[PDB]
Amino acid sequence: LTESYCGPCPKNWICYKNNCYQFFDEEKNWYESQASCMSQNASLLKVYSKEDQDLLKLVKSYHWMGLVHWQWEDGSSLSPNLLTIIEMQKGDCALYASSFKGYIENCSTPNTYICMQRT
């Protein structure tokens, strides 16, 4: 119940535990989604901690995250005990789904996406 400020974030982004999130409903392939997040000084969702990102338990549907074949856009590799990766469509990219799941998806398939910023 102790209070603190969250961010910094742009005003139209969700802030949770100092990370900033934005949902995009216009569907794009994985590469175009990454390009969109970069154009907003951001990256596709990176999952690094269940505790600091427990809001992701509430994120429904299926959204591009920055995981590719596994490693993140920034070149860091997927840490253990974070995501359950399930095959869906033959491919080298992954969609985030609740709760802490990644569905493998062809990187060229259009999908909604989540971008994430941290300052």
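We number the residues from 1 along the sequence you see.
**Q** With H69 and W70 adjacent in the shown sequence, let me know how many deposited residues between them lack coordinates: none, 1 to 3, 4 to 9, or 10 or more.
**A** Missing residues, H69 to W70: 4 to 9.
**Q** Averaging the C-alpha B factors as listed in the entry, name the stretch that ends up higher: 73-81 or 36-44.
**A** The recorded data point to 73-81.
**Q** Once you work out the mean C-alpha B-factor for both 60-68 and 85-93 from the entry, which is higher?
**A** So the stretch with the higher mean C-alpha B-factor is 85-93.
**Q** Between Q22, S108, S99, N111, where does the Cα B-factor run highest in the record?
**A** Comparing C-alpha B-factors across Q22, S108, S99, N111, the maximum falls on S108.
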